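The chain below stands alone and is given in structure tokens; this is the form deposited in one PDB entry.
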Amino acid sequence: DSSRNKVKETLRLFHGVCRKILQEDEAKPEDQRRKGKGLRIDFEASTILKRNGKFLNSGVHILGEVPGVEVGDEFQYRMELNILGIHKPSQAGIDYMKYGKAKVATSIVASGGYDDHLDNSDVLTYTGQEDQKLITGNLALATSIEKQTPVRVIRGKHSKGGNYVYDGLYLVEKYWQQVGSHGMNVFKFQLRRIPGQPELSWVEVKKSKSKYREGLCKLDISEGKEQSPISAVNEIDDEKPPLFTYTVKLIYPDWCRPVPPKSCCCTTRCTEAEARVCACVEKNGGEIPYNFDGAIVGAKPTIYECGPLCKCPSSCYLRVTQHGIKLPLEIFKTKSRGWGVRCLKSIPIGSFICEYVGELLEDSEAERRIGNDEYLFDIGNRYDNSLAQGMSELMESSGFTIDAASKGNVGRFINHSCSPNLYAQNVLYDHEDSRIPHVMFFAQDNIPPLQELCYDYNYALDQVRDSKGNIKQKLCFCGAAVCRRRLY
């Protein structure tokens, strides 16, 4: 029930610790950094979580589906498999457990180039293990043929971007022996995916790359304004996306034209390591809030980026959300929540998605809203310090509203979930007005491709009111195992 949430939170804690350790290394002068000399942030984070009892399913083998782990789930590090107890061994490709007097495989890691042909997508050929011997793992995978017991398959790319993918449950059908190219016998196993499971994510991505893709009903809702086109897909009905004036960047009315923020004195990328003063690093409380790869280290009340009069180059480490969308986004028709947003590739945890763009207005003007309050985003105090607290145990609301009813960007189409994979992060760079930060969405999960993007709308129950002025209700259809059942 809450096992999905405990899995996601466990991973979130792991990656938070990883990015903290890495931040710590990136703050050091290049000469004293450990990244070169065998820094293993995954192993340190792993150790920290283990020594605090954070590992799930430890000391127990599971055959078949693991609670809270779903088909399509992606992992950046192999040790995540260890932390969740999906796949116990540190290095070995095959994991197994006792079954009667024998042993059957519970899990395999097919690391590498995988076959990408669509008419064989349910079938997998797996190499075993100078001759390979029918012992331990190989023997267990062979016994799986006799028992017809399910095997978990994890696809491993030969880093950071969707390195391990859980592809679901397979049955082992046969095995044989042949000379490998190293010159000795190896074992080969044929597995078949069990019918009834969600489609493989690589299959969906592959089908999505075609121009004859099912349901494709618009090439670019951006109308050529975003640097990459944002398409629209509808496999549900024949409805087309709502019309609105697409707006890439937030445009300030004259009542809040930016007063020029306090600038920067660095001729190159800002970092803690370079020792002369950077004002923008002090704005962030003496830290760089991003890792050097662009990922947010961890949610904060406010992040300060370098602005228009900082002498920094575009690739400064404090310049991230200001460069706009980089992911290949698209909107698509949901069954019961109107239009939603998703991405055509994996999104690494910590990645910036997009801004909530629209017309800025004061609250008072906000309470007089007529027409569409579906696209009203109230700024102020969405910061969630849960993760920061959890990690510490290991180691002012705003009146203003963004109205995207008439003018906005793709962010207006992002739906609500009670178990969200995104969060809202306040960012300042072209001004220092605390009342009206940019609302920047970041990933708080490693997001598999084509998984719907969602954040917490954070409405208070029984405070959303009628056209005539009284309490209104709306049900939440987010489908999460722990759904709070009402949107407002």
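Between two forms, the rigid core is the largest collection of C-alphas that superpose within 1.5 Å. Residue positions are given as counts along the sequence shown, with the first one as 1.
The same protein also has a form deposited in another entry, omitted here; what follows describes it.
- In a rigid core superposition between the shown form and the other one, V233 is the single residue of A295, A279, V205, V233 whose Cα is displaced by 2 Å or more.
- Once the rigid core is overlaid between the shown form and the other one, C265 does not reach a Cα shift of 2 Å, moving by less than that.
- With the core held fixed between the shown form and the other one, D462 has its Cα displaced by at least 2 Å.
- Core-superposed comparison between the shown form and the other one: the CA of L387 exceeds or equals a 2 Å shift.
- Relative to the shown form, the Cα atoms of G93 and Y114 move together by 3 Å or more in the other form.
- In summary, the C-alpha positions of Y114 and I94 converge in the other form, ending up at least 3 angstroms nearer each other than in this conformation.
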